[PDB]
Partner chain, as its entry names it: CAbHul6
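In structure tokens, one chain follows: the form solved without its partner chain.
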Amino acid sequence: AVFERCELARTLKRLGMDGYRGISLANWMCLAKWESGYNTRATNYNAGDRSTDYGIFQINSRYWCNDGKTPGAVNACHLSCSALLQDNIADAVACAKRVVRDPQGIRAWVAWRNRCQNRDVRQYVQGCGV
């Protein structure tokens, strides 16, 4: 599914993302926007290290989910990477929360550093009722 901006904003808020571990809703929106364009079935294969990024947050298979084909990979979210390709984003949000409990927090995603950090992200939730 490809979410529309505000519907995704409310969907993430209902799922407990607003302020999760100090991360604003606007930050999560900026992340999903730049990672997949709000597309839950988005995928990116990384030929260099044999891993794949899955879903709306483009979560990587080397450490977070299991796809059975990434060498020496772990599964910290304890989910099949398939769960990150569903229209319903509950599992993806559970995994994204798991990612941020680690030291780096929201910085785990390089794209967040490139397009969201120290940027004006208000535009992502304006008019959405969140």
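Positions refer to the first chain, counted from 1.
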For 10-18 versus 104-112, entry-based mean Cα B-factors point to 104-112
Per the record, averaged over C-alpha atoms, which has the higher B-factor: 1-9 or 119-127? 119-127
Just the C-alpha B-factor column, please: which of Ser36, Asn88, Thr70, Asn27 has the biggest number? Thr70
Looking at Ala94, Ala32, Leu79, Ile59, which one carries the largest C-alpha B-factor according to the PDB entry? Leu79
Sorting the chain's CA B-factors, does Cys65 end up in the lowest, middle or highest third? middle
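Below, we refer to the form solved in complex with its partner chain, which is not included among the displayed structures.
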Going by its partner chain in the bound PDB entry, which residues of 13-35 come within 4.5 Å of it through any heavy atom? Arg14, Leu15, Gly16, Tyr20
